[PDB]
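# Structure assessment
Here is how the chains run, residue by residue.
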Amino acid sequence: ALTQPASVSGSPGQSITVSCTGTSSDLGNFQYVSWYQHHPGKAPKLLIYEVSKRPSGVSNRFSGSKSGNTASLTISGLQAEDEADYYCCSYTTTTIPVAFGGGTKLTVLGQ
Amino acid sequence: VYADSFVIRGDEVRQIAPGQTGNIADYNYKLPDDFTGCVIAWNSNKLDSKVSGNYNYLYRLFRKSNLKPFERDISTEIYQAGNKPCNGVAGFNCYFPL
Amino acid sequence: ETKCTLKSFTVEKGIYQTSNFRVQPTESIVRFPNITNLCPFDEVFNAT
Ligand SMILES: *[C@@H]1O[C@H](CO)[C@@H](O)[C@H](O)[C@H]1NC(C)=O
């Protein structure tokens, strides 16, 4: 399967890191896992494809890395509109061929 | 051969490794993915420790973005939060990076 | 040996030839130069 924490919070500006993991038997060698962001009332957009490859149009503050069975992303220099619904999508061979996160809702403490 | 000298705050000596990030692996010294050579570490509580805290050592908490490996960040400058008009002194959303 | 080098059970008179007389050594001696210009790892671990 595929799982991530339901919500995360921290100080504005910096100090945030979001991770996903899953069972290695269901996971087909762990390639082509992508990180997206969803906004309320807006269309979702692609941010990271295949762990640590940067597409065009994104900023350098987004980064992603995977160790062992767990993948994660970090972002530095947070802003007042950087609250997000960061999802991880991946391939699962035994069940339904695509798996879509567990739900995230980042909140800030600026107010 | 090359050698360095550090004082690391406790548990993030484990994060000093070729490839994963951490607290001081993005705004401070980080190892590259092709790190030849390795880490010589020992518990020296005998010298770099004194009783009411040691404020003679400094570490960087944040930057504009991630820094490349084998780079030195020596520029000290007041850091604003994105778009706030704020320079010269500290205050709201303007903290020293040390 | 003078039988086994001719593949015969009988050998005639005369002088023959066999393997050589080999003298083997006993031990090994390695003398590279005296240590010098020690690298200053002693001062960096004992640094104040
Ligand atoms: C420091 O110097 C001493 C001799 O005063 C030496 O025995 C030791 O190996 C050196 N290294 C250390 C412990 O930093």
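Procedures and definitions
Residues numbered from 1 in each chain as written, not as in the entry; some residues may be left out. Chains lettered and ligands numbered in written order. Part of a larger assembly, values for the part shown. Heavy atoms only, no water. Residues with missing side-chain atoms left out of burial classes, pairs and counts. Helix = DSSP H or I, 4+ residues; strand = E, 2+ residues; numbered from the N terminus. Rg over C-alpha atoms; globule rule 2.2 N^0.38 Å. Contact = heavy atoms within 4.5 Å. Disulfide = S-S within 2.5 Å. UniProt positions renumbered as here; feature names shortened; annotations may be inferred. Buried < 20%, exposed > 50% of the residue type's maximum accessible area, 1.4 Å probe, protein only. Buried area = accessible area lost by both parts, 1.4 Å probe. Salt bridge = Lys/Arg side-chain N within 4 Å of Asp/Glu carboxyl O. Polar contact = N/O pair within 3.5 Å; in protein donor to acceptor, adjacent residues only side chain to side chain. Nonpolar A, V, L, I, M, F, W, Y, C, P; charged D, E, K, R; others polar.

- Looking at the entry header, you'll see cryo-EM listed as the method and 3.8 Å as the resolution.

### Some remarks on the overall build of chain A
- Within chain A one finds zero helices and nine strands.
- By the compact-globule yardstick of 13 Å for 111 residues, chain A fits well, its C-alpha radius of gyration being 14 Å.
- Projected onto its principal axes, the C-alpha coordinates of chain A cover approximately 45 × 30 × 30 Å.
- A sequence separation of at least 24 residues applies to 51% of the contacts in chain A between residues at least 6 apart.

### Focus: the UniProt feature "disulfide bond" in chain B
- A sulfur gap of 2.0 Å between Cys86(B) and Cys94(B) means the disulfide that UniProt records is present in these coordinates.
- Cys94(B) gets classed as buried once you look at its relative accessible area, which sits at 1%.

### A word on the interface of chain A and chain B
- Between chain A and chain B, the residue contacts involve five residues of the former and eight residues of the latter.
- Buried area between chain A and chain B, summed over both chains or domains, comes out near 520 Å², and the portion from carbon and sulfur atoms is 48%.
- Taken as a group, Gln14(A), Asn60(A) and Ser76(A) account for 59% of the area that chain A buries against chain B, more than any other trio of residues on that side.
- At the boundary of chain A and chain B, one finds zero salt bridges.
- If you look at where chain A meets chain B, you find zero residue pairs in polar contact.
- By residue class, the composition of the side of chain A that touches chain B is no nonpolar, five polar and no charged.

### Observations regarding the side chain of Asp82(A)
All names here are of chain A.
- In this structure, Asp82 sits in the loop between β6 (70-75) and β7 (87-91).
- Residue classification places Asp82 among the buried positions, given a relative accessible area of 10%.
- A distance of 2.5 Å separates polar atoms of two side chains, one belonging to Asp82 and the other to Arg61.
- Polar side-chain contacts of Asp82 include one of 2.9 Å to the backbone nitrogen of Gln79.
- With sequence-adjacent residues up to four places away left out, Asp82 is seen in contact with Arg61, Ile75, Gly77 and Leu106.

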